[PDB]
Each structure stands twice: as structure tokens, then as C-alpha cells.
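Just the one chain here, the form deposited in one PDB entry, laid out as C-alpha cells.
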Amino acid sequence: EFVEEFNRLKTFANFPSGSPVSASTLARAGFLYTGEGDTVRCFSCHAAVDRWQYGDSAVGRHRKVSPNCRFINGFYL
């Protein structure tokens, strides 16, 4: 369902174009856009991450908050 990158990238309507991390990178890192600020939420682990700066790795920050996430550990590949 949200296993498809493309469907996750559909949730990034109205995501801020100002953000230093693109919607594309985020969706590839397993995230959906919450529709509030730059807060994104993983479709698998349901954990969220916010406050993106220049140079963040979306995958890195995702591993940091949920090192045991199925997405991040390659369950869906």
C-alpha cells in the first residue's frame, strides 16, 4: 500500500518547498508527509522525525529514531 515509494511521495502535497531535504529523498527513506511543518512519519514503524537541516541523511535520522524498523532493516525489499 505505502510499500510503494510512489504512493508515499503522493502524501507530499503541500510539503514546504523551502525544506533543505526534498520530498523525494524523504519518501525513499520510508516517510509520509504529516501535513504539518516538516514532520514526516515512517509508514512502517510509525515513528516521526522533524526539523530538517542542510546535510541531514533521511535514512540516517530514521535509523537513529527506529534502529529496529522493518523498512530500514530491509524487510520490504
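In this text, residue numbers run from 1 along the sequence as written.
Between the stretches 12 to 20 and 60 to 68, it is 12 to 20 that shows the larger average CA temperature factor. Among all modelled residues in its chain, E4 ranks in the middle third by Cα B-factor.
Sort the chain's modelled residues by C-alpha temperature factor and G35 lands in the highest third, per the entry.
Same protein, other form: the form solved in complex with a partner chain, not shown, and the subject of what follows.
Under a 4.5 angstroms non-hydrogen atom cutoff, the partner chain in the bound PDB entry has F71 among its neighbouring residues.
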